[PDB]
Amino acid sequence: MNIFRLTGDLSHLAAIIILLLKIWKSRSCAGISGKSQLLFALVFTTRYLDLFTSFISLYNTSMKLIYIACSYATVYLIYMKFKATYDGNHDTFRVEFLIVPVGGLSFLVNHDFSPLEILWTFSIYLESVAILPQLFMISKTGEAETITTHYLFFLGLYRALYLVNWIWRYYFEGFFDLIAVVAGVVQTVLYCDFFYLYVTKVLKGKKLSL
């Protein structure tokens, strides 16, 4: 473990808690893409199947269980408990254009042709584009609430910290995974317009307009 990955994991947990607590306390999921929450829960489900085959650490196990529970709970609050405030009419991204090709790519381009590795690869490719329905919803509706932008900031910063972590691991440990890296740069570049707008507008008391 290095500080870049630790801050990255804590930034990811921060985003997940900000969203869950925002929906819970306000009793509303207005402005939130239910489709992106489905994709993030599907990322954790396919990535962490190794909970049954590998033990890295108590931290690694606990973080995995917390991410699965918080992702599934967010989906439960949007689609079941506070479904009266779910804006289905503005969450119109067709997720089939993400799942079917990323599924195809994970089967063809992977480190090993075995079910656990193919499923892990699917989680990596899917995560790179999982936020697309949420950004697409914000551009359609025109605005994003401040708490929603804080959620997007900490979520976007998490995989950016992972890129720094991979430079660190490559230099100090000689470890390199091109699939995680390439997907991680794709994941971060999809936040470029949001980052620019968050720093120049949101951090200056202005409207985030995608």
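The term rigid core refers to the maximal set of C-alpha atoms that superpose within 1.5 Å between the two forms. Heads up: residue numbers just count along the shown sequence, starting at 1.
Here 41-49 and 148-156 are scored by the root mean square distance of their C-alpha atoms in 6 other deposited structures of this protein, with each structure fitted by the rigid core; the higher score goes to 148-156. Each structure in 6 other deposited structures of this protein is fitted to the shown form on the rigid core, and of 23-31 and 54-62 the C-alphas lie farther away on average for 54-62. When the C-alpha B-factors of 198-206 and 184-192 are averaged, 198-206 comes out higher. For the two regions 134-142 and 71-79, the entry's Cα B-factors average higher over 134-142.
Taking only the listed residues 64, 35, 169, 47, the entry reports the highest CA temperature factor at 169. Per-chain ranking of the deposited C-alpha B factor places residue 40 in the lowest third. Per the PDB record, residue ranking by Cα B-factor puts residue 157 in the middle third of the chain.
Per the deposited record, the Cα B-factor of residue 106 falls in the lowest third when ranked against the other modelled residues of its chain. For residue 16, the recorded CA temperature factor ranks within the middle third of the chain's modelled residues. In the PDB entry, a CA B factor belonging to the middle third of its chain's modelled residues is recorded for residue 114.
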